[PDB]
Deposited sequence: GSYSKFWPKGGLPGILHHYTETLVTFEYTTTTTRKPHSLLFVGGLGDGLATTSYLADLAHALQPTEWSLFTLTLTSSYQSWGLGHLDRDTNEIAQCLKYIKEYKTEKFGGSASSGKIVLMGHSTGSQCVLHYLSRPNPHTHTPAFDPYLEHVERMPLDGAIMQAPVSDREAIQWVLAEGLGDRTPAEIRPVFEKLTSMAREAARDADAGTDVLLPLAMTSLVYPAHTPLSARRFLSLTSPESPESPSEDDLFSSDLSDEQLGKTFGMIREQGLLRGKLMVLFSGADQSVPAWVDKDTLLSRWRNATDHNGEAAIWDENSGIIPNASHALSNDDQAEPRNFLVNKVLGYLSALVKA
């Protein structure tokens, strides 16, 4: 969005997939921040990314964004495993690239994975899931991990059905939601194996804040009842998940050994996607206690919190001050990482 575009380097970490490095200068950049946008974003995330790149100019960190297969196939369920593999491939590339370019020590360069919106799912999934060594793509450990506005899509839809979305009131959205579920359930039962029934964009965008296309199977994941015993792949950040369930995700960060550093969560204080019935402070403390195993570890970054007056994506002209604050928290996190 800055006039004249943003200068940088377009890399190929696979033959099909790319990562864009933001850079204007000769300066040394041994360290790397890989930013993972929302599902279906690719390199097209805006929000605070320009301000972050501008702020990282004087530093020893260069900002990366990337494309995944899920950037192009944003409508399918069961996507986080593939996302995670491609992030790992991108991290491997960045690590060799930064060694080759600036030399120094082989593993001097530090890597931080930042998730934005539903990109935060990829961050937690990267850290929490099994890391097998199967040969028929090992994930490297991160020096840091950030999740910006990790919000439940399930609970966001509940809030849309309660309050409305845009011009549309609850009474107008409801008939479409009920029709969409009925369509999605019918497709799950009746569609041929391997096919995906894409639901109408006209209908889904009335109920879905992300405004990305939806298959029947993917939509069902977002609306079917979360089981008190277990939720879906996407449903990592719902406020009514049990401590047992948080132990399977946040609690597995310590066990997998892929974060040799801190996890910082940055909630948005005026996040319009989060229901007013959700206590955000309780939610962060429960994630902290799950992550730290009730004081046994110190993985959770205490500097995690709720950005005052920030919206979900911090998009507005209103959001100049929260954006600047958010960017300053990222630079402070990154500064603490390089000070020993």
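- Residues of the deposited sequence lacking C-alpha coordinates, numbered from 1, fall in the stretches 1-6, 143-151.
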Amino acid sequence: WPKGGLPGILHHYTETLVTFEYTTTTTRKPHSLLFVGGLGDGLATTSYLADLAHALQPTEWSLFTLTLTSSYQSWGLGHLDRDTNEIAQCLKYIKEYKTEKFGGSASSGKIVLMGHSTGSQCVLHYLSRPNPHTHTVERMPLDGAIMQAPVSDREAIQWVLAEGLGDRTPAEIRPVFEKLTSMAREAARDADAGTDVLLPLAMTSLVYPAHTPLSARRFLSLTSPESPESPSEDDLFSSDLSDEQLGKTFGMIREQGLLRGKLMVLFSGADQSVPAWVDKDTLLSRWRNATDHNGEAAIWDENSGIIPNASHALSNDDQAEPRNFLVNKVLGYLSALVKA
From here on, numbers count along this sequence of modelled residues.
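- Mean CA temperature factor is higher for 20-28 when stretches 325-333 and 20-28 are set side by side in the entry.
- The PDB entry reports B-factors from which the mean C-alpha value can be compared for 191-199 and 96-104; the larger average falls on 96-104.
- Out of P150, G257, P209, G144, the entry records its largest CA B-factor for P209.
- The PDB entry assigns its highest CA temperature factor, among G251, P175, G115, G261, to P175.
- Remark: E86 belongs to the lowest third of its chain, ranked by C-alpha B-factor as recorded.
- Among all modelled residues in its chain, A276 ranks in the highest third by Cα B-factor.
- When the modelled residues of the chain are ordered by their C-alpha B factor, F219 lands in the highest third.
- Among the modelled residues of its chain, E296 has a C-alpha B-factor that falls in the middle third, as given in the PDB entry.
- Among the modelled residues of its chain, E60 has a C-alpha B-factor that falls in the middle third, as given in the PDB entry.
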